[PDB]
Each structure stands twice: as structure tokens, then as C-alpha cells.
Amino acid sequence: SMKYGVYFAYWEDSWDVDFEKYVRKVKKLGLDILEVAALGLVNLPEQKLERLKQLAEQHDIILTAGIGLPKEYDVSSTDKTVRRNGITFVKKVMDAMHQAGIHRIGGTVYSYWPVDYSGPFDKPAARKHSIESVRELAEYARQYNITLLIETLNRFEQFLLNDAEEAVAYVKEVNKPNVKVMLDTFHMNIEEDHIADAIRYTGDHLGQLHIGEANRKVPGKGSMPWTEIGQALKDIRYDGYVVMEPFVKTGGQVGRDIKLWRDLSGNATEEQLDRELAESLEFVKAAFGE
Ligand SMILES: O=C(CO)[C@@H](O)[C@H](O)[C@H](O)CO
Ligand SMILES: [Co+2]
């Protein structure tokens, strides 16, 4: 059956924060998974990586990692120095993941994010470098039983993989057993003709699903077709990870990277965000036919 998570960034204005409080929180909320930022792991002291692994084991919580590579670590760059620096950086992230007991890394691990359209790009050249880089990283990942999740993003955030057709073509070309597609309701809602059809199309390639409303509020506060999404997951016999990715806070690096320029929380306290996420999880489980 499916396992449910949340991204810690629901509560935070920064990517690089302590994650321990969120392991205890997701256990209290009856979630199966905490997704953490790779940027909070890569330079974390060894003792704190071990403490995070032990706390997750104590609470029987699965940890996953999210990443959007910065421009200086663009593994799709036509600049060999940038490409190599990005590969060095993701290998360090994977080393830290291993110490924290983390096996899944998803997001823009295959290019840079958020994309900057102020300068030119070469989509074919970037795609070719991206595939070569991801194959090298997939091979490195095997020693730690790590899976790479290639996220399909809207046109404003990236240019390489904007729909399930492009992401499936890319992942089939990469041709590595530990490289899979990640779909995201926010992104699918912009680029797909029909969200449930995109999930069915992706099928066996779907390694993880991010969920949120169209404006990234918690599920139940918007208009997403939750029953149709649930049916599509049944149609492909999905028993994988469903991670809530709500972004309702303006400010900090998180608000600037997600481009949220107004409060969507009604100035909610942390306690109110907890209550709304619990309500949302019950709503999602009901819509998905749990
Ligand atoms: O959907 C998004 C970005 O719009 C997130 O899942 C992001 O890609 C991940 O946090 C890695 O940065
Ligand atoms: Co996402």
C-alpha cells in the first residue's frame, strides 16, 4: 500500500535547517516519510547524520531527499568544469545520504533549478550532457542502493522535461534501473492535458509523486482532481511514495525559489499548519480509497 510523506520546507523559510524536529513531527502526524533538503545534509557533521538516521529508525520514519542543483553545479552545462563540479557535489550529497540512511533523491538532480531565462540555452546540448551526467551518478548511486527521481517541472522552472512524455523519453534513454520519473501535481496541472492520464502514461516509470493544490496549498484547499488522481494510482498499481509538498509561506530562500510573493497561510502558526496537514492527509487518504 502507499506510503505518505511531507517535505519539511512546509514549515521553513530556508533549505539548510536541522531536520530532527521534523522526524518527531511526522511521526506525531502519522506520516510514513519525511523528505529533507539535500542542501541540509551535504555539509552536516557525521555525528548529526548518524543521529538523524538513528532518530528515523527509532520512530520507524523513512527519510527521502529533495534537491534543486544551483547553477554552479549544473550537470547539464556545456561548461565541462561546471558539469564536473556538479557531479562532484551530487556524489558528496549521496555520501551524506548513505550516512543518514537515505535511499531516494529527487528533484532537479539532472540540470539546475530554478532556471534563469535571462541568458541563452541549448536544449538539445543540455539534454545530451544531462543524460551522460545522470548515467554517471546512477552508477555511483548503486554502492548505496540509491534511486534518482527525475522530476517533471513546469516551463517556468526548467526547459528540459516539462511533461510526462518528455520525462518518460528521457528516463528510457538514460536506461538505468535506479533512475525513475517523479511527477508533481503542481507541475502536471500546468503542462499536462489531463493529470490522471499523465500518471497512467508514466506507469512503471513512476518512482515518486509530489502532491499539492494548484497554488501549492495543502490538498483539500483547492480544486485538484484528487479522486481521478487516486484512480490513476490504482490503475498503475502504485504502492510507492506520495509526498505532500505544500508551500504557503512568503520570505526566505524558500519563498524566493518557489516565487511566492503573498502569504497563502492566513498567517498560520506552526500548530495550525500541523492541524491543516493532518486534516489534508485524512482527506487525501479518503480520496485515494485507503
Ligand atoms: O516541485 C518542486 C519545485 O517546484 C520541488 O519538488 C523541488 O523540485 C524539490 O524540492 C527539489 O528542489
Ligand atoms: Co515537486
# chains A, B, ... in the order shown; residues from 1 in each chain; ligands from 1
>>> residues_around(residues="range 237-251 of chain A", least_positions_apart="4", cutoff="6 Å", atoms="only C-alpha atoms", output="list in words")
residues 1, 2, 3, 4, 5, 6, 7, 10, 208, 209, 210, 211, 212, 216, 217, 218, 233, 255, 260, 261, 262, 263, 264 and 265 of chain A
>>> residues_near_ligand(ligand="ligand 1", cutoff="8 Å", atoms="only C-alpha atoms and all ligand atoms", output="ChimeraX atom specification")
/A:7,37,66-69,106-108,113-114,151,153-154,157,184,186-187,210,245,258
>>> write_last_selection(atoms="C-alpha atoms", output="PDB file, in the first residue's frame")
ATOM      1  CA  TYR A   7       8.558  17.981   2.652  1.00  0.00           C
ATOM      2  CA  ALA A  37      16.668  19.057   1.590  1.00  0.00           C
ATOM      3  CA  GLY A  66      14.993  16.627  -2.418  1.00  0.00           C
ATOM      4  CA  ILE A  67      17.481  18.652  -4.491  1.00  0.00           C
ATOM      5  CA  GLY A  68      17.425  21.518  -6.958  1.00  0.00           C
ATOM      6  CA  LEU A  69      21.030  21.919  -8.116  1.00  0.00           C
ATOM      7  CA  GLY A 106      14.530  13.576  -6.283  1.00  0.00           C
ATOM      8  CA  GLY A 107      14.047  16.919  -7.999  1.00  0.00           C
ATOM      9  CA  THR A 108      16.398  18.653 -10.418  1.00  0.00           C
ATOM     10  CA  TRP A 113      16.944  24.911 -10.688  1.00  0.00           C
ATOM     11  CA  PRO A 114      15.315  27.326 -10.728  1.00  0.00           C
ATOM     12  CA  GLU A 151      11.199  15.484 -11.581  1.00  0.00           C
ATOM     13  CA  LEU A 153       8.657  20.530 -13.988  1.00  0.00           C
ATOM     14  CA  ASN A 154       6.643  23.391 -15.493  1.00  0.00           C
ATOM     15  CA  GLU A 157      11.207  26.367 -13.627  1.00  0.00           C
ATOM     16  CA  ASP A 184       4.214  16.534  -9.191  1.00  0.00           C
ATOM     17  CA  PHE A 186       1.669  21.360  -9.243  1.00  0.00           C
ATOM     18  CA  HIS A 187       3.765  20.807 -12.428  1.00  0.00           C
ATOM     19  CA  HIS A 210       4.618  15.054  -5.095  1.00  0.00           C
ATOM     20  CA  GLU A 245       4.813  19.478  -0.931  1.00  0.00           C
ATOM     21  CA  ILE A 258       9.207  28.986  -5.234  1.00  0.00           C
TER      22      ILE A 258
END
>>> select_by_dssp(residues="range 5-211 of chain A", states="strand (DSSP E or B)", output="PDB file with N, CA and C atoms, in the first residue's frame")
ATOM      1  N   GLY A   5       4.222  11.051   2.866  1.00  0.00           N
ATOM      2  CA  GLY A   5       5.212  11.936   3.472  1.00  0.00           C
ATOM      3  C   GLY A   5       4.861  13.393   3.343  1.00  0.00           C
ATOM      4  N   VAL A   6       5.731  14.210   3.887  1.00  0.00           N
ATOM      5  CA  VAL A   6       5.702  15.670   3.666  1.00  0.00           C
ATOM      6  C   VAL A   6       7.128  16.170   3.525  1.00  0.00           C
ATOM      7  N   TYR A   7       7.301  17.225   2.747  1.00  0.00           N
ATOM      8  CA  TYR A   7       8.558  17.981   2.652  1.00  0.00           C
ATOM      9  C   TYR A   7       8.652  18.920   3.850  1.00  0.00           C
ATOM     10  N   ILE A  33       6.831   9.090   5.946  1.00  0.00           N
ATOM     11  CA  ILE A  33       8.037   9.675   5.292  1.00  0.00           C
ATOM     12  C   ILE A  33       8.248  11.139   5.678  1.00  0.00           C
ATOM     13  N   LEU A  34       9.506  11.502   5.914  1.00  0.00           N
ATOM     14  CA  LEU A  34       9.955  12.914   5.906  1.00  0.00           C
ATOM     15  C   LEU A  34      10.890  13.088   4.722  1.00  0.00           C
ATOM     16  N   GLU A  35      10.589  14.056   3.867  1.00  0.00           N
ATOM     17  CA  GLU A  35      11.533  14.485   2.809  1.00  0.00           C
ATOM     18  C   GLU A  35      12.304  15.693   3.313  1.00  0.00           C
ATOM     19  N   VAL A  36      13.616  15.563   3.277  1.00  0.00           N
ATOM     20  CA  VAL A  36      14.553  16.636   3.693  1.00  0.00           C
ATOM     21  C   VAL A  36      15.276  17.231   2.481  1.00  0.00           C
ATOM     22  N   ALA A  37      15.843  18.416   2.633  1.00  0.00           N
ATOM     23  CA  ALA A  37      16.668  19.057   1.590  1.00  0.00           C
ATOM     24  C   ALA A  37      18.076  18.470   1.621  1.00  0.00           C
ATOM     25  N   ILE A  62      10.735   6.755   7.287  1.00  0.00           N
ATOM     26  CA  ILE A  62      11.570   6.736   6.060  1.00  0.00           C
ATOM     27  C   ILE A  62      11.992   8.166   5.755  1.00  0.00           C
ATOM     28  N   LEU A  63      13.278   8.370   5.524  1.00  0.00           N
ATOM     29  CA  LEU A  63      13.789   9.686   5.065  1.00  0.00           C
ATOM     30  C   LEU A  63      14.064   9.635   3.571  1.00  0.00           C
ATOM     31  N   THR A  64      13.608  10.646   2.835  1.00  0.00           N
ATOM     32  CA  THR A  64      13.966  10.886   1.417  1.00  0.00           C
ATOM     33  C   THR A  64      14.603  12.272   1.301  1.00  0.00           C
ATOM     34  N   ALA A  65      15.264  12.540   0.191  1.00  0.00           N
ATOM     35  CA  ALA A  65      15.945  13.824  -0.038  1.00  0.00           C
ATOM     36  C   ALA A  65      15.414  14.472  -1.310  1.00  0.00           C
ATOM     37  N   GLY A  66      15.281  15.779  -1.254  1.00  0.00           N
ATOM     38  CA  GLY A  66      14.993  16.627  -2.418  1.00  0.00           C
ATOM     39  C   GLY A  66      16.169  17.528  -2.735  1.00  0.00           C
ATOM     40  N   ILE A  67      16.372  17.780  -4.017  1.00  0.00           N
ATOM     41  CA  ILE A  67      17.481  18.652  -4.491  1.00  0.00           C
ATOM     42  C   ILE A  67      17.017  19.441  -5.715  1.00  0.00           C
ATOM     43  N   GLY A  68      17.363  20.711  -5.729  1.00  0.00           N
ATOM     44  CA  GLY A  68      17.425  21.518  -6.958  1.00  0.00           C
ATOM     45  C   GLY A  68      18.827  22.060  -7.106  1.00  0.00           C
ATOM     46  N   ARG A 104      16.545   7.671  -1.530  1.00  0.00           N
ATOM     47  CA  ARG A 104      15.849   8.282  -2.678  1.00  0.00           C
ATOM     48  C   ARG A 104      16.234   9.757  -2.729  1.00  0.00           C
ATOM     49  N   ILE A 105      16.702  10.221  -3.874  1.00  0.00           N
ATOM     50  CA  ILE A 105      16.998  11.663  -4.109  1.00  0.00           C
ATOM     51  C   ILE A 105      16.203  12.078  -5.337  1.00  0.00           C
ATOM     52  N   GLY A 106      15.406  13.127  -5.193  1.00  0.00           N
ATOM     53  CA  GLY A 106      14.530  13.576  -6.283  1.00  0.00           C
ATOM     54  C   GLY A 106      14.567  15.061  -6.472  1.00  0.00           C
ATOM     55  N   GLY A 107      14.184  15.496  -7.657  1.00  0.00           N
ATOM     56  CA  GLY A 107      14.047  16.919  -7.999  1.00  0.00           C
ATOM     57  C   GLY A 107      14.835  17.186  -9.245  1.00  0.00           C
ATOM     58  N   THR A 108      15.539  18.305  -9.274  1.00  0.00           N
ATOM     59  CA  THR A 108      16.398  18.653 -10.418  1.00  0.00           C
ATOM     60  C   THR A 108      17.810  18.227 -10.039  1.00  0.00           C
ATOM     61  N   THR A 147      18.289   5.539  -5.428  1.00  0.00           N
ATOM     62  CA  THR A 147      17.463   5.769  -6.624  1.00  0.00           C
ATOM     63  C   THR A 147      17.368   7.280  -6.861  1.00  0.00           C
ATOM     64  N   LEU A 148      17.587   7.677  -8.093  1.00  0.00           N
ATOM     65  CA  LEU A 148      17.445   9.060  -8.584  1.00  0.00           C
ATOM     66  C   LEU A 148      16.040   9.215  -9.145  1.00  0.00           C
ATOM     67  N   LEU A 149      15.355  10.275  -8.721  1.00  0.00           N
ATOM     68  CA  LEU A 149      13.980  10.596  -9.175  1.00  0.00           C
ATOM     69  C   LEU A 149      14.040  11.876 -10.012  1.00  0.00           C
ATOM     70  N   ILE A 150      13.766  11.743 -11.298  1.00  0.00           N
ATOM     71  CA  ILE A 150      13.867  12.843 -12.278  1.00  0.00           C
ATOM     72  C   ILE A 150      12.534  13.576 -12.262  1.00  0.00           C
ATOM     73  N   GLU A 151      12.488  14.770 -11.697  1.00  0.00           N
ATOM     74  CA  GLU A 151      11.199  15.484 -11.581  1.00  0.00           C
ATOM     75  C   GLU A 151      10.842  16.169 -12.907  1.00  0.00           C
ATOM     76  N   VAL A 179      17.044   4.852 -12.040  1.00  0.00           N
ATOM     77  CA  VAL A 179      16.627   6.219 -12.462  1.00  0.00           C
ATOM     78  C   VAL A 179      15.162   6.149 -12.890  1.00  0.00           C
ATOM     79  N   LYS A 180      14.321   6.895 -12.186  1.00  0.00           N
ATOM     80  CA  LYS A 180      12.852   6.848 -12.409  1.00  0.00           C
ATOM     81  C   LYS A 180      12.283   8.253 -12.522  1.00  0.00           C
ATOM     82  N   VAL A 181      11.042   8.334 -12.974  1.00  0.00           N
ATOM     83  CA  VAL A 181      10.324   9.632 -13.121  1.00  0.00           C
ATOM     84  C   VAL A 181       9.692  10.008 -11.773  1.00  0.00           C
ATOM     85  N   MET A 182       9.793  11.283 -11.402  1.00  0.00           N
ATOM     86  CA  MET A 182       8.911  11.853 -10.355  1.00  0.00           C
ATOM     87  C   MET A 182       7.906  12.799 -11.019  1.00  0.00           C
ATOM     88  N   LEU A 183       6.628  12.603 -10.715  1.00  0.00           N
ATOM     89  CA  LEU A 183       5.561  13.535 -11.154  1.00  0.00           C
ATOM     90  C   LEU A 183       5.157  14.395  -9.969  1.00  0.00           C
ATOM     91  N   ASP A 184       4.580  15.559 -10.245  1.00  0.00           N
ATOM     92  CA  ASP A 184       4.214  16.534  -9.191  1.00  0.00           C
ATOM     93  C   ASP A 184       2.898  17.164  -9.627  1.00  0.00           C
ATOM     94  N   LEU A 206       7.024   5.483 -12.853  1.00  0.00           N
ATOM     95  CA  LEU A 206       6.731   6.446 -11.754  1.00  0.00           C
ATOM     96  C   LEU A 206       7.382   5.950 -10.464  1.00  0.00           C
ATOM     97  N   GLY A 207       8.382   6.687  -9.974  1.00  0.00           N
ATOM     98  CA  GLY A 207       9.098   6.339  -8.737  1.00  0.00           C
ATOM     99  C   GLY A 207       8.633   7.127  -7.528  1.00  0.00           C
ATOM    100  N   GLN A 208       8.036   8.307  -7.704  1.00  0.00           N
ATOM    101  CA  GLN A 208       7.545   9.128  -6.575  1.00  0.00           C
ATOM    102  C   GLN A 208       6.549  10.152  -7.104  1.00  0.00           C
ATOM    103  N   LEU A 209       5.584  10.526  -6.274  1.00  0.00           N
ATOM    104  CA  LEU A 209       4.552  11.532  -6.625  1.00  0.00           C
ATOM    105  C   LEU A 209       4.575  12.628  -5.558  1.00  0.00           C
ATOM    106  N   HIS A 210       4.802  13.871  -5.965  1.00  0.00           N
ATOM    107  CA  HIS A 210       4.618  15.054  -5.095  1.00  0.00           C
ATOM    108  C   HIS A 210       3.176  15.555  -5.264  1.00  0.00           C
ATOM    109  N   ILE A 211       2.539  15.932  -4.165  1.00  0.00           N
ATOM    110  CA  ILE A 211       1.133  16.415  -4.203  1.00  0.00           C
ATOM    111  C   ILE A 211       1.015  17.754  -3.474  1.00  0.00           C
TER     112      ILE A 211
END
>>> residues_around(residues="residue 28 in chain A", least_positions_apart="5", cutoff="12 Å", atoms="only C-alpha atoms", output="PyMOL selection string")
chain A and resi 21-23+33-34+59-61+274-275+277-278
>>> closest_residue(among="A:252, A:135, A:185, A:266", to="ligand 2", atoms="only C-alpha atoms and all ligand atoms")
A:185
>>> residues_around(residues="residue 74 in chain A", least_positions_apart="2", cutoff="9 Å", atoms="only C-alpha atoms", output="PyMOL selection string")
chain A and resi 69-72+76-77+79+82-87+109-113+130
>>> closest_residue(among="A:17, A:152, A:75, A:133", to="ligand 2", atoms="only C-alpha atoms and all ligand atoms")
A:152
>>> atom_distance(atom1="CA of residue 158 in chain A", atom2="CA of residue 256 in chain A")
15.8 Å
>>> closest_residue(among="A:101, A:119, A:222, A:30", to="residue 144 in chain A", atoms="only C-alpha atoms")
A:101
>>> atom_distance(atom1="CA of residue 81 in chain A", atom2="CA of residue 176 in chain A")
24.6 Å
>>> select_by_dssp(residues="range 23-150 of chain A", states="alpha helix (DSSP H)", output="PyMOL selection string")
chain A and resi 23-28+46-58+80-100+123-141
>>> closest_residue(among="A:190, A:285, A:142, A:273", to="residue 25 in chain A", atoms="only C-alpha atoms")
A:273
>>> residues_around(residues="residue 192 in chain A", least_positions_apart="3", cutoff="9 Å", atoms="only C-alpha atoms", output="number ranges by chain")
A: 162-164, 187-189, 195, 197-198
>>> write_last_selection(atoms="N, CA, C and O atoms", output="PDB file, in the first residue's frame")
ATOM      1  N   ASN A 162       9.290  18.972 -19.434  1.00  0.00           N
ATOM      2  CA  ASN A 162       8.117  19.763 -18.975  1.00  0.00           C
ATOM      3  C   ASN A 162       6.845  18.917 -18.946  1.00  0.00           C
ATOM      4  O   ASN A 162       5.862  19.364 -18.390  1.00  0.00           O
ATOM      5  N   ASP A 163       6.839  17.729 -19.540  1.00  0.00           N
ATOM      6  CA  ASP A 163       5.661  16.852 -19.398  1.00  0.00           C
ATOM      7  C   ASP A 163       6.100  15.390 -19.295  1.00  0.00           C
ATOM      8  O   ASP A 163       7.308  15.085 -19.468  1.00  0.00           O
ATOM      9  N   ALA A 164       5.140  14.536 -18.974  1.00  0.00           N
ATOM     10  CA  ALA A 164       5.366  13.091 -18.739  1.00  0.00           C
ATOM     11  C   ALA A 164       5.923  12.468 -20.014  1.00  0.00           C
ATOM     12  O   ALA A 164       6.832  11.624 -19.882  1.00  0.00           O
ATOM     13  N   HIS A 187       3.141  20.748 -11.081  1.00  0.00           N
ATOM     14  CA  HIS A 187       3.765  20.807 -12.428  1.00  0.00           C
ATOM     15  C   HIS A 187       2.824  20.192 -13.467  1.00  0.00           C
ATOM     16  O   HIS A 187       2.740  20.726 -14.578  1.00  0.00           O
ATOM     17  N   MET A 188       2.193  19.060 -13.156  1.00  0.00           N
ATOM     18  CA  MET A 188       1.283  18.373 -14.099  1.00  0.00           C
ATOM     19  C   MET A 188       0.102  19.281 -14.415  1.00  0.00           C
ATOM     20  O   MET A 188      -0.398  19.287 -15.549  1.00  0.00           O
ATOM     21  N   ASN A 189      -0.334  20.032 -13.411  1.00  0.00           N
ATOM     22  CA  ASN A 189      -1.527  20.894 -13.531  1.00  0.00           C
ATOM     23  C   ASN A 189      -1.279  21.980 -14.576  1.00  0.00           C
ATOM     24  O   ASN A 189      -2.292  22.493 -15.109  1.00  0.00           O
ATOM     25  N   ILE A 195      -4.318  15.260 -15.759  1.00  0.00           N
ATOM     26  CA  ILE A 195      -3.307  14.807 -14.764  1.00  0.00           C
ATOM     27  C   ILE A 195      -3.335  13.273 -14.644  1.00  0.00           C
ATOM     28  O   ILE A 195      -2.278  12.640 -14.719  1.00  0.00           O
ATOM     29  N   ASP A 197      -4.276  11.035 -16.705  1.00  0.00           N
ATOM     30  CA  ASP A 197      -3.740  10.388 -17.925  1.00  0.00           C
ATOM     31  C   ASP A 197      -2.208  10.408 -17.882  1.00  0.00           C
ATOM     32  O   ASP A 197      -1.594   9.438 -18.333  1.00  0.00           O
ATOM     33  N   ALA A 198      -1.603  11.503 -17.396  1.00  0.00           N
ATOM     34  CA  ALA A 198      -0.133  11.605 -17.282  1.00  0.00           C
ATOM     35  C   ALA A 198       0.405  10.551 -16.311  1.00  0.00           C
ATOM     36  O   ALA A 198       1.465   9.939 -16.601  1.00  0.00           O
TER      37      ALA A 198
END
>>> closest_residue(among="A:58, A:9, A:98, A:159", to="ligand 2", atoms="only C-alpha atoms and all ligand atoms")
A:9
>>> closest_residue(among="A:165, A:50, A:173, A:213", to="ligand 2", atoms="only C-alpha atoms and all ligand atoms")
A:213
>>> residues_around(residues="residue 117 in chain A", least_positions_apart="3", cutoff="9 Å", atoms="only C-alpha atoms", output="number ranges by chain")
A: 120-121, 156
